[PDB]
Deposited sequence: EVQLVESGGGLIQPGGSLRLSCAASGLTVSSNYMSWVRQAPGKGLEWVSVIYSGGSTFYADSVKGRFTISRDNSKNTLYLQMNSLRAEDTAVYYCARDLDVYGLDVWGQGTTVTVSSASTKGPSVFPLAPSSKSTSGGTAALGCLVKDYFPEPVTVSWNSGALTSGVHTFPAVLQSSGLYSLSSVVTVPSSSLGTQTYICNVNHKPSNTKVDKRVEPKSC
């Protein structure tokens, strides 16, 4: 019944334009306070904009003159037109229904908006090879370096190896690219017997790399 379905997010260059849409079900957009709230990666929530039932619009200081809230009553859809986009605007944007003291009760799933001058790059896969430092546990892995945009998917032995696998969250480097680590701990007795291959898939660059990690 009650839901807010969002769309329109994606990858954009600084100074670009985007239009986020939020289709409502179970509530009338024109009869409610409708708000846009964004969340930067790893950060908290920040109010972006609000539109009143009477047509009054209000914007946050960081988005005034660049963002525009709007609505279509026939389609019961909220709209956020984001112009003059900057890198600090990169975030997951949520559409919500505001009830003032009663709070924001209905939220959308959110749409991701990435603003970067970086170019779509395929990852480079490098081996984190096992070294000297018996039957004790030994760690190996793969380094997925210099890729954009997110995400990447990392598996081990075509999915046959899932226990002990730790795929770390990606970090944004100063170059604007993303780096990531995938590790796994195995019995050291299988270093010379069992093969270990990490499979890295980056769909935006159509990149698929199968790297076999050799003890060395």
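Unmodelled stretches of the deposited sequence, numbered from 1? Unmodelled stretches: 134-135, 219-220.
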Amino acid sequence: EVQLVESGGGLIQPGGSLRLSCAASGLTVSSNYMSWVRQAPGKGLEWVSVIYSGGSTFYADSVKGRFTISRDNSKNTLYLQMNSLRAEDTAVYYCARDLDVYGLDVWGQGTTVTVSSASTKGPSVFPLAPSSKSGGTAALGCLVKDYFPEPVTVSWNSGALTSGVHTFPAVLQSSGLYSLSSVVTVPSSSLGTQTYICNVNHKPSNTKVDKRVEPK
From here on, numbers count along this sequence of modelled residues.
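Stretch exceeding the other in mean C-alpha B-factor - 207-215, 1-9: Mean B over CA atoms: larger for 207-215.
So, looking at the entry's B-factor column for Cα atoms, which has the higher mean, 102-110 or 121-129? Going by the record's values, the stretch with the higher mean is 121-129.
Out of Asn32, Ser56, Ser49, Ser163, which residue has the highest Cα temperature factor in the PDB record? Reading the PDB entry, the winner on C-alpha B-factor is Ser163.
Between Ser21, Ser17, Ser25, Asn199, which carries the biggest CA temperature factor in the record? So the option with the highest C-alpha B-factor is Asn199.
Would you check the entry's CA temperature factor for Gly159 and let me know if it's in the chain's lowest, middle or highest third? Tercile = highest for this residue's CA B-factor.
For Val171, the third of its chain into which the C-alpha B factor falls: CA B-factor rank for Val171: middle third.
Using the temperature factors of the C-alpha atoms in this entry, rank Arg86 within its chain: lowest, middle or highest third. Bottom third by C-alpha B-factor.
What third of the chain does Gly42 rank in for C-alpha temperature factor, lowest, middle or highest? Tercile = middle for this residue's CA B-factor.
Please place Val115 in the lowest, middle or highest third of its chain by C-alpha B factor as given in the entry. Ranked within chain, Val115 CA B lands in the middle tercile.
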